[PDB]
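Peer 1: As input, take query02.pdb (PDB, C-alpha atoms):
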```pdb
ATOM      1  CA  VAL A3472      80.727-114.484 -97.144  1.00  0.00           C
ATOM      2  CA  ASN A3473      79.113-116.933 -99.557  1.00  0.00           C
ATOM      3  CA  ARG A3474      81.376-115.840-102.434  1.00  0.00           C
ATOM      4  CA  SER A3475      84.490-116.892-100.520  1.00  0.00           C
ATOM      5  CA  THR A3476      82.572-120.007 -99.450  1.00  0.00           C
ATOM      6  CA  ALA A3477      81.922-120.960-103.085  1.00  0.00           C
ATOM      7  CA  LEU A3478      85.585-120.345-103.889  1.00  0.00           C
ATOM      8  CA  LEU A3479      86.576-122.511-100.913  1.00  0.00           C
ATOM      9  CA  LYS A3480      84.327-125.438-101.860  1.00  0.00           C
ATOM     10  CA  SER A3481      85.459-125.356-105.497  1.00  0.00           C
ATOM     11  CA  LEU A3482      89.057-125.312-104.248  1.00  0.00           C
ATOM     12  CA  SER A3483      88.243-128.279-101.990  1.00  0.00           C
ATOM     13  CA  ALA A3484      86.927-130.263-104.959  1.00  0.00           C
ATOM     14  CA  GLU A3485      90.024-129.349-106.972  1.00  0.00           C
ATOM     15  CA  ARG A3486      92.105-130.528-104.002  1.00  0.00           C
ATOM     16  CA  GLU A3487      90.168-133.799-104.038  1.00  0.00           C
ATOM     17  CA  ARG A3488      91.475-134.039-107.593  1.00  0.00           C
ATOM     18  CA  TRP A3489      94.957-133.440-106.171  1.00  0.00           C
ATOM     19  CA  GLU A3490      94.775-136.230-103.602  1.00  0.00           C
ATOM     20  CA  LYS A3491      93.400-138.746-106.097  1.00  0.00           C
ATOM     21  CA  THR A3492      96.281-137.802-108.409  1.00  0.00           C
ATOM     22  CA  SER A3493      98.752-138.178-105.540  1.00  0.00           C
ATOM     23  CA  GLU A3494      97.322-141.609-104.719  1.00  0.00           C
ATOM     24  CA  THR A3495      97.738-142.977-108.243  1.00  0.00           C
ATOM     25  CA  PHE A3496     101.078-141.222-108.470  1.00  0.00           C
ATOM     26  CA  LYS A3497     102.472-142.867-105.359  1.00  0.00           C
ATOM     27  CA  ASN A3498     101.087-146.018-106.991  1.00  0.00           C
ATOM     28  CA  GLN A3499     103.494-145.824-109.924  1.00  0.00           C
ATOM     29  CA  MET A3500     106.161-144.481-107.551  1.00  0.00           C
ATOM     30  CA  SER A3501     105.733-147.881-105.852  1.00  0.00           C
ATOM     31  CA  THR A3502     105.758-150.069-108.961  1.00  0.00           C
ATOM     32  CA  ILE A3503     108.686-148.294-110.674  1.00  0.00           C
TER
END
```
When written as structure tokens, how does the structure in this file appear?
Peer 2:
Amino acid sequence: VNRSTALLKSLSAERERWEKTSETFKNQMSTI
């Protein structure tokens, strides 16, 4: 089950990318 585990952890890192993007993006949503 380590193949799906590797897929899951890579997806979790890519989702970390998503939440950092959402943070900065609510930032300009605030300053608009």
Peer 1: Record the distance separating CA of residue 3477 (chain A) and CA of residue 3495 (chain A), expressed in Å with one decimal.
Peer 2: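 Here the two named atoms are 27.6 Å from each other.
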Peer 1: In Å, with one decimal, what is the gap from CA of residue 3472 (chain A) to CA of residue 3488 (chain A)?
Peer 2: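 Here the two named atoms are 24.6 Å from each other.
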Peer 1: Give me the box for region 3473-3486 of chain A as AutoDock Vina command-line options, namely the centre and edge lengths in Å to one decimal of a box along x, y and z that holds every listed atom plus 8 Å on each side.
Peer 2:
```
--center_x 85.6 --center_y -123.2 --center_z -103.2 --size_x 29.0 --size_y 30.7 --size_z 23.5
```
Peer 1: One decimal, Å: what's the distance from CA of residue 3493 (chain A) over to CA of residue 3475 (chain A), could you say?
Peer 2: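 Separation of CA of residue 3493 (chain A) and CA of residue 3475 (chain A): 26.1 Å.
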Peer 1: Can you complete the atoms of region 3482-3495 of chain A to N, CA, C and O atoms and list them as a compact mmCIF listing (two decimals), in the coordinates of the input?
Peer 2:
```txt
# COMPACT_ATOMS: atom_id res chain seq x y z
N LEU A 3482 87.67 -124.98 -104.52
CA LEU A 3482 89.06 -125.31 -104.25
C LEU A 3482 89.17 -126.67 -103.55
O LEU A 3482 90.12 -127.42 -103.80
N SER A 3483 88.22 -126.99 -102.68
CA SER A 3483 88.24 -128.28 -101.99
C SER A 3483 88.02 -129.43 -102.96
O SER A 3483 88.64 -130.49 -102.85
N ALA A 3484 87.10 -129.25 -103.92
CA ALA A 3484 86.93 -130.26 -104.96
C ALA A 3484 88.19 -130.41 -105.81
O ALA A 3484 88.62 -131.53 -106.12
N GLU A 3485 88.80 -129.29 -106.18
CA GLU A 3485 90.02 -129.35 -106.97
C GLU A 3485 91.16 -130.00 -106.18
O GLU A 3485 92.05 -130.63 -106.75
N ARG A 3486 91.12 -129.87 -104.85
CA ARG A 3486 92.10 -130.53 -104.00
C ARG A 3486 91.80 -132.02 -103.85
O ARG A 3486 92.71 -132.83 -103.66
N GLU A 3487 90.52 -132.39 -103.91
CA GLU A 3487 90.17 -133.80 -104.04
C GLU A 3487 90.79 -134.40 -105.29
O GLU A 3487 91.32 -135.52 -105.26
N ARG A 3488 90.74 -133.65 -106.39
CA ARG A 3488 91.48 -134.04 -107.59
C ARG A 3488 92.96 -134.23 -107.29
O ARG A 3488 93.58 -135.21 -107.74
N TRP A 3489 93.54 -133.33 -106.51
CA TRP A 3489 94.96 -133.44 -106.17
C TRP A 3489 95.27 -134.71 -105.39
O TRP A 3489 96.26 -135.38 -105.66
N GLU A 3490 94.45 -135.04 -104.39
CA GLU A 3490 94.78 -136.23 -103.60
C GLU A 3490 94.53 -137.51 -104.39
O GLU A 3490 95.26 -138.50 -104.20
N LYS A 3491 93.52 -137.54 -105.27
CA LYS A 3491 93.40 -138.75 -106.10
C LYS A 3491 94.60 -138.89 -107.03
O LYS A 3491 95.12 -140.01 -107.23
N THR A 3492 95.08 -137.77 -107.59
CA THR A 3492 96.28 -137.80 -108.41
C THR A 3492 97.48 -138.28 -107.60
O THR A 3492 98.27 -139.10 -108.08
N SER A 3493 97.63 -137.78 -106.38
CA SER A 3493 98.75 -138.18 -105.54
C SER A 3493 98.68 -139.66 -105.20
O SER A 3493 99.71 -140.33 -105.11
N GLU A 3494 97.47 -140.18 -105.00
CA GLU A 3494 97.32 -141.61 -104.72
C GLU A 3494 97.81 -142.45 -105.89
O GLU A 3494 98.70 -143.30 -105.74
N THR A 3495 97.29 -142.19 -107.09
CA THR A 3495 97.74 -142.98 -108.24
C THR A 3495 99.22 -142.74 -108.51
O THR A 3495 99.93 -143.60 -109.07
```
